[PDB]
Amino acid sequence: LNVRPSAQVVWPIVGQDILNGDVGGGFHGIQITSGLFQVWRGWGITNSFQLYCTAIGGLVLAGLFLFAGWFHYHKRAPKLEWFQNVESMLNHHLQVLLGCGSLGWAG
Amino acid sequence: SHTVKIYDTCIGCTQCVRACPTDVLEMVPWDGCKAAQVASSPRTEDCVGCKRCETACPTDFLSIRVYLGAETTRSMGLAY
Amino acid sequence: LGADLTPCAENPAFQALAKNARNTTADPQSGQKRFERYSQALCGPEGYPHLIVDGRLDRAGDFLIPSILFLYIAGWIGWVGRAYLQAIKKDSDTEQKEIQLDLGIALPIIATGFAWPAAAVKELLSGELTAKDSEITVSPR
Amino acid sequence: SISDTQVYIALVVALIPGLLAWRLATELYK
Amino acid sequence: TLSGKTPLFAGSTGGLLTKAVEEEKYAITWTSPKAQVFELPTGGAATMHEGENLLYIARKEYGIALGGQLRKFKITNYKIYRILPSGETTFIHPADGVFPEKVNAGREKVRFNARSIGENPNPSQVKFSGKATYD
Amino acid sequence: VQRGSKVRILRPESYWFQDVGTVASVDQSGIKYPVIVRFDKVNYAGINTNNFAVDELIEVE
Amino acid sequence: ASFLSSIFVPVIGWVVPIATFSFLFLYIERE
Amino acid sequence: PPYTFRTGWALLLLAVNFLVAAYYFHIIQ
Amino acid sequence: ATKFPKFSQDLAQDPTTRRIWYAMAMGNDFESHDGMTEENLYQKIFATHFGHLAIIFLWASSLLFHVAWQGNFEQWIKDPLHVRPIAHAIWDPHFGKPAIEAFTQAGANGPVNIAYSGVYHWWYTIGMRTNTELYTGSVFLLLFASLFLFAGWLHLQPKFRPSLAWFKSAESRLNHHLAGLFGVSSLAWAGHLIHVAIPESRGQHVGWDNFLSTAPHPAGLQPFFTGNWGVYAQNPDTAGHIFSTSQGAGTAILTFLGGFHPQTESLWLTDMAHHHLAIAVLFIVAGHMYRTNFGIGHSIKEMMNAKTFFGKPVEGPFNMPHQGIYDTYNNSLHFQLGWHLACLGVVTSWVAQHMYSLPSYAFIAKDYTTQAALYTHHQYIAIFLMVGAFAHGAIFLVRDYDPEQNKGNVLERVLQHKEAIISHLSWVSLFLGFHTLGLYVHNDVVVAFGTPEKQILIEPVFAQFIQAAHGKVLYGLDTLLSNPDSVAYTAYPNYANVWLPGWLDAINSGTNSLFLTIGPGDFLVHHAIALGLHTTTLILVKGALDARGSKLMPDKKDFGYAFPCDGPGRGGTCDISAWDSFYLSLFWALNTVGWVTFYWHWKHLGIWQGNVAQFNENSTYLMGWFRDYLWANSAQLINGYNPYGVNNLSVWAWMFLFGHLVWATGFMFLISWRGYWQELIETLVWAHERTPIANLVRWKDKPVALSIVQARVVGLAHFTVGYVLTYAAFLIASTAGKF
Ligand code: CLA
Ligand code: CLA
Ligand code: CLA
Ligand code: CLA
Ligand code: CLA
Ligand SMILES: CC1=C(/C=C/C(C)=C/C=C/C(C)=C/C=C/C=C(C)/C=C/C=C(C)/C=C/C2=C(C)CCCC2(C)C)C(C)(C)CCC1
Ligand SMILES: CC1=C(/C=C/C(C)=C/C=C/C(C)=C/C=C/C=C(C)/C=C/C=C(C)/C=C/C2=C(C)CCCC2(C)C)C(C)(C)CCC1
Ligand SMILES: CC1=C(/C=C/C(C)=C/C=C/C(C)=C\C=C\C=C(C)\C=C\C=C(C)\C=C\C2=C(C)CCCC2(C)C)C(C)(C)CCC1
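Its PDB header attributes the entry to cryo-EM and lists the resolution as 2.62 Å.

### Some remarks on the site of ligand 5
All names here are of chain I. With respect to spatial proximity, 13 residues lie near ligand 5, and among them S426, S429, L531, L538 and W588 are the closest. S429 places a polar main-chain atom, nitrogen or oxygen, 2.5 Å from an oxygen atom of ligand 5. One of the side-chain nitrogen or oxygen atoms of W588 is found 3.1 Å away from a nitrogen atom of ligand 5. Broken down by secondary-structure element, the contributors of at least two residues to the shell around ligand 5 are α17 (418-448), α21 (520-545) and α22 (578-608). The element that contributes the greatest number of residues to the shell around ligand 5 is α17, accounting for six residues. The residue makeup of the shell around ligand 5, split by class, is nine nonpolar, four polar and no charged.

### Quick look at the site of ligand 1
With respect to spatial proximity, the complete set of residues near ligand 1 consists of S34(A), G35(A), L36(A), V39(A) and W43(A). The residue makeup of the shell around ligand 1, split by class, is three nonpolar, two polar and no charged.

### Notes on the environment of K44(I)
Inspection of the secondary structure assignment puts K44(I) in helix α3 (residues 38-70). Setting aside chain neighbours within four positions, we find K44(I) in contact with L28(D), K30(D), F30(I), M36(I) and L156(I).

### Considerations on the state of the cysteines
Counted under the stated rule, the structure contains one disulfide over all chains. One disulfide in the model links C8(C) with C43(C); its S-S distance is 2.0 Å. Sign of the S-S torsion, about 95° for the bond between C8(C) and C43(C), identifies this disulfide as right-handed. Pair noted here: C8(C) is in the loop between β1 (6-7) and α1 (12-19) and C43(C) is in strand β2 (residues 42-43), with a separation of 35 residues, a long-range link. Assessed through its relative accessible area of 0%, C8(C) is described here as buried. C13(B) provides the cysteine sulfur closest to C57(B), a residue in no disulfide bond, and the two sulfurs are 6.0 Å apart.

### Notes on the interface of chain E and chain B
Contact with chain E, which involves 35 residues of that partner, is made by 40 residues of chain B. For the pair chain E and chain B, the two sides together bury roughly 3,100 Å², of which 58% comes from carbon and sulfur. When the area that chain E buries against chain B is broken down by residue, the three leading residues are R111(E), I117(E) and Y134(E), summing to 23%. For the pair chain E and chain B, the interface holds four salt bridges. Where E24(E) meets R74(B), a salt bridge forms, and the shortest distance between an N and an O atom there is 3.2 Å. Where the side of chain E that touches chain B is concerned, the elements lending two or more residues are α2 (60-72), β6 (89-93) and β7 (112-113) of chain E.

### With respect to the UniProt feature "binding site: [4Fe-4S] cluster 2" in chain B
The UniProt feature table records "binding site: [4Fe-4S] cluster 2" at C20(B), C47(B), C50(B) and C53(B). On the basis of their most widely separated C-alpha atoms, the annotated residues across 34 residues gather in one place, lying no more than 10.6 Å apart. Relative to the assigned elements, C20(B) resides in the loop between α1 (15-19) and β2 (26-29). With residues up to four places along the chain from it excluded, the contact list for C20(B) reads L25(B) and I64(E). Note on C50(B): relative accessible area 33%, which makes it partly exposed.

### Quick notes on unusual backbone geometry
In this model, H93(E) is joined to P94(E) through a cis peptide bond whose omega is -10°. With an omega dihedral of -10°, the bond running from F4(I) to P5(I) counts as a cis peptide bond. Examined against the element boundaries, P5(I) turns out to sit in the segment before α1 (9-12). Despite not being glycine, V14(A) has its phi angle at roughly 40°, a positive value.

Cut-offs applied
Residues numbered from 1 in each chain as written, not as in the entry; some residues may be left out. Chains lettered and ligands numbered in written order. Part of a larger assembly, values for the part shown. Heavy atoms only, no water. Near = heavy atom within 4 Å. Polar contact = N/O pair within 3.5 Å; in protein donor to acceptor, adjacent residues only side chain to side chain. Helix = DSSP H or I, 4+ residues; strand = E, 2+ residues; numbered from the N terminus. Nonpolar A, V, L, I, M, F, W, Y, C, P; charged D, E, K, R; others polar. Contact = heavy atoms within 4.5 Å. Disulfide = S-S within 2.5 Å. Buried < 20%, exposed > 50% of the residue type's maximum accessible area, 1.4 Å probe, protein only. Buried area = accessible area lost by both parts, 1.4 Å probe. Salt bridge = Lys/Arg side-chain N within 4 Å of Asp/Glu carboxyl O. UniProt positions renumbered as here; feature names shortened; annotations may be inferred.

Here it is as structure tokens:
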């Protein structure tokens, strides 16, 4: 209720450190309005270590996504037949992406 | 109607005639260029003034020019 | 010079501002060091340094010295830029060398750009700086 | 202020350039 | 004089307005080898008949546009007619039966200037005269 | 002027007016603009060739 | 004399526009 | 040309410029 | 084939609504009319000019009549510093009782508009003291308008139509206009000031009844003929003088005091009398220069064509070939109109810059809204005249300019290096723009970061030197008139600086707008104004010098002044016509007058509130302008009406929003272009034809979207009207609200 969410600290240069305002919790930074703190509280994250793990996990997933894109273009590119399975895609995207994602998240 | 004048710099490429969306232009015999044909504008009453013919013309400066004049139903491109 | 200008070290408005001087950088004395430096400038009634740009030698630091330093760096950039353009024009694929820099050609030019004033005078007094008006494309009159 | 009479004179006097403005306008149209 | 059956699915709100009745109307005739789908000048997928097709059109540009599309169907026998409210049908494209991009003997130069465009007079020279600078 | 001769343009409405072009060919006939001149830089239409009369050219090379 | 405002302002507002637009309309459509 | 006329007039204007600057710098009063 | 327009068979045969629009746009372009000859062009133009003069005199009559009838002039005379001048009565049926109460002001019985034109001040200064005098002025001006209307009609009649030779008789008109229209008008006014205004200023009633009996001076014209002229400067009005009363009054008719009348804070009438007398003599002399019908006089054609400087051969005047310039000027009305718009535009700015700093009208310096209105008004007019000058200069080049007749002259040479002129204008614009915006943004960021001592504040030392050279001792420079030792100050030989005591008192008092103290805020904004002037010039000059052609369109002269484009070929040619430079320039002209009037207004608001500090400290960063000028001074304006009620600023509050609406409406015509609208109107035409009862009625003129050029005209108009009304509202409401 009292502390103001802030996750961007400015470097002290050409007087721009003024932007690091008193946001509460003995911390100086730009107050964030993206609602990330309310998201992470909803996720049940209670420490900085859990965020570090999640951040690293993300960088590994971003790496995997880069590889996938290189792999699925340069190395193993699906034929037009594959792409035009709209019934299979809808089945997998409704059941796994949305359905199992929502079941997983309910978990 | 608009006025479409052809100039002696024409090389008879036929690109203006092909470009024209209302068949204003046609190729006529000529001795002036190697192609032995020049653009003509017999049907300027049908000219809408789009200047597609000028965009088509490969000569520097242009060998065809459209001078936008008195606007009529045909020149304004009206279906009403 | 004029319009209630005093030395900043005499202006009460300046000293008032200096006592509450904000630290520009991480250095906690950066706020005080700023007003210590600006004390030698002329301050208006509100106690802000006013710069005098009339070529007064006792105010040479205000505009005259910055001017010389800018003209030397800007002239370097322009000369190096001009040099490279003239260098690539003697090659075949000149347009490709504009969007894709020939560092082999560019870096030596950049290095020798320190001596641009000598090169600019030499080229001005050789008729090699400009082209003839008759040999430059123009519009019909 | 000015009298009601003076206002009525001004209006009647203003018919003169009114008439001549009409005559000039018609002549300029030719 | 205009023979040919109206293509199937020729109906749309992009067709003839009151101009077609009051001022002028255009027709485009063509012989198709086979019944095939084509995009109408003003939207809608119409069907050509095998044989003579007649399509009424508001503007000559519709005819020339459709003509261009018929060329992509390997059809070059299309004829555009202007029709007046008195029922005076006039064959207007191709004017002399040969397409204008092809050279045909008998055609005279119209609006030809025996000079480069740079050699036109100044507007000051033809000031208060009837003639223009491109005459 | 002949094939390969560098020429400056004198046509005032030419994009390349007072610019140097290379003569690509000279049509040996009675046509008014026989000399085909190519240019390094393209005009606003993006073409780099144009026909000129011999009187519109000055051989520089 | 103030009463003249009650005559002139409506005339300049309605009578003059109607008369002017009526005439100009009939003039621009005259064949 | 050697540009004697235009340089002469440019110098005269630049002389006036310097004369007004001499008043500005209190060299002439 | 309809009759209208009578002057164009092309437009008359247009079956669309474009016929009506293009007729309006081309009605006054007499050169473009069908079967127009040069003689008929001049004769129609001359007759029309009588029509325009008449309109000006009917407008002038309206101001007098409405103030005489509905104003509070006689009440305002008695207390000019506290009474509000009334413009006219409000008769609006749409007003509620609260609005009627709100506009019942300045001791009026009904709702009235306060006048901000300064006519009361002007009329009071020049000796008018009664509504009867104002009335007599109005009825005279009706008859004077009437005389010009008749002259206009008469000079169209067969026998009285002047010949073309008569219109081309330049030297005779220059003699008559310099000596007569300027010189005698000036002398006649000097007469008015001496015979009427100055007596009235000294409490002496002088009118048509008694002006022949009452001598302007006790001496009574005897010293004038004997040459003892100094008698007319003896016994000036004292510093104690109370205007329109004998208390502290003098007998002098031609003084030379300098500075201001201390009560009225305006120029001495006896100075203004001697000015107009001196000016008159100089103009009468000047209008004896050109030969007419008596052998004596200069031939301007000979002067232009002269090639010999006392034996020594020269290229022409100042060794510059001016041959054919006389004919160029005399034969092209667009050359003249352009040239005369430039001169009038300069003089209009001149007036604006001088009327605020050197007020001539009693007590107008203290009517802050009127001063603000009058400066903004004339600076806006100046800006239009200046854009017109270049517009008609481009029209001359594209329609009238003969290269063969101007062979080798100054005009041909300017066109020969037009690329060099336009490229250097581009540089000055960019150079000013980058660094001025740079310094503002620098200042705006260092102030934002709580370090306003890091601002780049440049003293305008060269302008301050000029103020000091005019004897403003504030800066402590001690040069020319600020140095009592200087030959300038003393006038070493003659010692006839009799202007100087009064002048130095005026310039060294901080209670007037005579050479206002300037600082870093004044430096940055003068450099913004320079940027403005150079960039407007760049657009207009480029427009003028490329009017006949360019690389992109070499034959542009064949297409005329105004045309939409040359189509999307050659990369695209939108806004390529000379007209499209006029269109683009007016945005910059308006932007520039914006900066000029904002600056004028915010500096003066500080001076008027005795808070120059506000401008001096906040004008160096653009948040200061945004907050302390726009935001701060919008407060009262936007509360003109609210849920709680209305006040007298409700009309300005409504006009303020009206301006914002008309401006924004302009963006539609400027952003969305024709093809979108023509396709939309096609569906509306379809819908009308297909609607079962509506299709009963039919248009005579085919509905079409506005033309490409028309859209730029309509767009630019909405934009301009929006610009003017928005600022007029804000300028007046914000000043009248505070004062
Ligand atoms: C394009 C740029 C963009 C950016 C910069 C953002 C930024 C943000 N989004 Mg938004 N969002 C966007 C587009 C964008 N969004 C689009 C196109 C959608 C429609 C799908 C959303 C839907 C959305 C939701 C529902 C939520 C956000 C939230 C947020 C905020 C927190 C980020 C976070 O870590 O929460 C991560 C997000 C969650 C924990 C919620 C995810 C739940 C959704 C329903 C999952 C859907 C995934 C699915 C595969 C995609 C839809 C497919 C379907 C249409 C077939 C942040 C301000 C959150 C917020 O406002 O925090 C306070 C939030 O709850 N966004
Ligand atoms: C070598 C590069 C170079 C040089 C020597 C010049 C020189 C000039 N320019 Mg040009 N200009 C350039 C690049 C250059 N320009 C580029 C890239 C643009 C596109 C933005 C322009 C756009 C431009 C305009 C619109 C105008 C000028 C004008 C001028 C003249 C006046 C000075 C000025 O206004 O600076 C203007 C400077 C800029 C607009 C920014 C320049 C951008 C960078 C810093 C230059 C490029 C450096 C290059 C990348 C270095 C590579 C070198 C390496 C390969 C070795 C002067 C002849 C003016 C003129 O005509 O005066 C008569 C004028 O109005 N210039
Ligand atoms: C420029 C001058 C002008 C004048 C003098 C008026 C006057 C009036 N308008 Mg306004 N009005 C105008 C311009 C003008 N309008 C414009 C440009 C707009 C568009 C922005 C409007 C939009 C507007 C609206 C929306 C309304 C008014 C209304 C009114 C009336 C309100 C007074 C009332 O409450 O009594 C009551 C008065 C009456 C009920 C009417 C009295 C008799 C009428 C005026 C004429 C009788 C017939 C006449 C003899 C002959 C034919 C009419 C005409 C050819 C003269 C008043 C007559 C209100 C009104 O009452 O409308 C009728 C109303 O609702 N006006
Ligand atoms: C000083 C005298 C003066 C004279 C005698 C002329 C004369 C001429 N001008 Mg020039 N001109 C002038 C000053 C002058 N101008 C100025 C100051 C400018 C800068 C704006 C111009 C810019 C200019 C351009 C760009 C053009 C001309 C053109 C012309 C010619 C045709 C005008 C015409 O027919 O338009 C008819 C009249 C109109 C279209 C008037 C409508 C515009 C007004 C201002 C709308 C105002 C909006 C509205 C009424 C306000 C509403 C209020 C709100 C509260 C609701 C004519 C020879 C044209 C030409 O081709 O020259 C040969 C041309 O293209 N003039
Ligand atoms: C805020 C509005 C705005 C601004 C900033 C400009 C700016 C300019 N106009 Mg434009 N103009 C405008 C509105 C504006 N105009 C409008 C409404 C119209 C009516 C259509 C025009 C019509 C117009 C015409 C007809 C002409 C101009 C010209 C100019 C240039 C004048 C040169 C100069 O003095 O400045 C110097 C340059 C600037 C102030 C540009 C901004 C500099 C930026 C901020 C620096 C950016 C660097 C930064 C690191 C980049 C960050 C971005 C990031 C994504 C990398 C200048 C670039 C003229 C011109 O080109 O002359 C050479 C010209 O002839 N304007
Ligand atoms: C946040 C984040 C993250 C993380 C995440 C996570 C961690 C996730 C997970 C997830 C998960 C963890 C999920 C899962 C899920 C699961 C599911 C979905 C399941 C299902 C199941 C079922 C379906 C079942 C069935 C059955 C059987 C088997 C038998 C009996 C019967 C029944 C039917 C019951 C990352 C790092 C990436 C980074 C970024 C952010
Ligand atoms: C300060 C002073 C002084 C001086 C002053 C002076 C010397 C002034 C100047 C001024 C000036 C010097 C001005 C200017 C102006 C200008 C302008 C403003 C211009 C404009 C123009 C135009 C607009 C043009 C047009 C055209 C064109 C564009 C093209 C062709 C045609 C024509 C030509 C028409 C004295 C010593 C007395 C005293 C003290 C103070
Ligand atoms: C002293 C002073 C001042 C004044 C100044 C002035 C007034 C100046 C002038 C100046 C001037 C009046 C100049 C002009 C010039 C001209 C020209 C004509 C130029 C040209 C140039 C060039 C040609 C260059 C080139 C280059 C280079 C060198 C390098 C880079 C590249 C380039 C190529 C760009 C002031 C107050 C501000 C400040 C203080 C001191």
